[PDB]
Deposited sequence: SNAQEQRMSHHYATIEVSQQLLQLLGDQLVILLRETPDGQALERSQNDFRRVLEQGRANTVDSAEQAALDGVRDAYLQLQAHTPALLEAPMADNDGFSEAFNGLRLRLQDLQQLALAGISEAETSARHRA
């Protein structure tokens, strides 16, 4: 059933966009938690977030998914409106932890795909 595979790939696409956006948000928090925030790097990351979000919005079919991504867009706009306390050691430790958590989630998810291969 390549149909089933088609369905799975959809949810995995939404999961993938959300994962990318959360990774970029983390990147931005990491930058902001450093004692001398790299302004150009922040700008690049914000650009990347908007690109990934818009490409995600273009790649959905359910207008409720589009609705949720529009909500993400509005929320990201608010985050920007408020975008201006810090510590390099914390920033690094946070980065390590959040990467490990993200990676663990993606390892388990891959784990499920291979168990939807043996269906």
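Student: Enumerate the deposited-sequence segments absent from the coordinates, judged by C-alpha atoms, in order of position.
Tutor: 85-91, 127-130 are the stretches of the deposited chain that have no C-alpha coordinates in the structure.
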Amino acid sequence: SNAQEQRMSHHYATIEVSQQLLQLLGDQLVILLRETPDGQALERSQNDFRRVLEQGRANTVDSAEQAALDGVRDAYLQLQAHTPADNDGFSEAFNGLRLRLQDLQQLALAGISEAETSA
From here on, numbers count along this sequence of modelled residues.
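Student: Tell me which stretch, 21-29 or 6-14, has the higher mean Cα B-factor listed in the entry.
Tutor: According to the entry, 6-14 carries the higher average C-alpha B-factor.
Student: Between 73-81 and 51-59, which has the higher average C-alpha B-factor in the PDB entry?
Tutor: Stretch with the higher mean C-alpha B-factor: 51-59.
Student: In terms of CA temperature factor as recorded, identify the highest of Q40, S91, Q46, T36.
Tutor: Highest CA B-factor of the listed options: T36.
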